[PDB]
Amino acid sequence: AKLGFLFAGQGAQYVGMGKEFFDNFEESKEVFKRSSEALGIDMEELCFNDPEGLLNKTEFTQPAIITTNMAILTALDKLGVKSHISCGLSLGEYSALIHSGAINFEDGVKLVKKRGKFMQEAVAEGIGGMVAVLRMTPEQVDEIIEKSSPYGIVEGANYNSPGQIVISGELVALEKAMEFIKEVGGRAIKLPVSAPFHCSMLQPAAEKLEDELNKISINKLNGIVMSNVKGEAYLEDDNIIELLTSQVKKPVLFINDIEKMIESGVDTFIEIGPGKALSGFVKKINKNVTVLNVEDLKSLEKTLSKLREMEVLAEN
C-alpha cells in the first residue's frame, strides 16, 4: 500500500549534502555524530566540506551517502513519514536493509566503506569501465553482449528504466559493443567511471565483501526490501550475505524492483538522500504514481506538503 522509500546511491553525492538536515534536525545531527564515532573520521567535514577531495572516491563516497541517507530518514521518521517497502540502486540497498533493522547503522557505515574499497580495487585502472545504453530493450542488449563477448567481458550491469541500461566489462570489449549498438539504432555513452561495477570482473570484491559480511551481526528484516540481484523482495529463507555478495558482480535489476514495489501496492515513492536520479527512473517506469524526494529543506517541505494533502483526503 501507500508509501515506498528509495535510497540514493553512488553518483548523486555532492559537497554540502546532509548539511541542512544536520543544522535543522537534532536527530540528523546525532546520526552524523554516530557515523564519525563508528568510522573514526570526521564525517561532517567529509560531507559538508570535503577538504581532502574524498567525496568522489568510492571507498569514501559509500559511507558518506549512507550517513546522509540515514540522517534524512531519521528526521522523516520523527515527522511521521514511514514505509515498510523500500529499495535502492546498488548502494542504497544498504540504507534499505538498515531501515529494515536487518543491519545496524554503525555496522552499515563501516561495511560500505570496505565494500567501496573492494569494488574500486578489484580491477586495475584503465582496463574495465561502464557504458550507458539508450533506446534498447534488454533483449536487444543481449544480442549486443553476444556479438561483443569474443572481444572480452561484457555483461549487463544496470536495468534502470525503459531505454536506460548500463553494461560493463573490459574497455576493449566495451568499445566493440558501442560500435554494435550504433549499427542497430541505439546509443551508447562511455560513462566516466574507471571500474566495471556489476559484472563478473568484480568477483574479487565479492569474495572480500563476503568475508566482511560474515563478521557482522545480521538480523531479521522488518517490512519489505527489494533485492537488486533478484529483481524482487528478500524472502526470509533467502541468504542475505549471498544476495549482497552477488550484488556487486551481477546486474542491478532496479526496474524490476520498482515494478514489484508497484505490484505490492506502492503508489507514492519518496527518494531519500542526495539527488533525484531514482525519481527520474520511476517517472519513466510509471507515469501515474506519485514521486517525491527529500535531500534538503526545500524538497522536504514540498514532500511534507504533498503528504499532508493526501492525509487530509484520508480524513473523509
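Just count from 1 along the sequence shown to find any residue number.
Set 180-188 against 152-160 and average the Cα temperature factors; 180-188 ends up higher. Mean CA B-factor, 237-245 versus 89-97: the higher value falls on 237-245. If you compare the C-alpha temperature factors of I258, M43, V252, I65 in the entry, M43 comes out highest. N222: CA B factor in the highest third of modelled residues in this chain (values from the PDB entry). Annotation for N24: CA B-factor lies in the highest third of the chain's modelled residues.
Among the modelled residues of the chain, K208 sits in the middle third by CA temperature factor in this PDB entry. Placement of the Cα temperature factor of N214 within the chain: middle third of the modelled residues, per the deposited record. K114: CA B factor in the middle third of modelled residues in this chain (values from the PDB entry).
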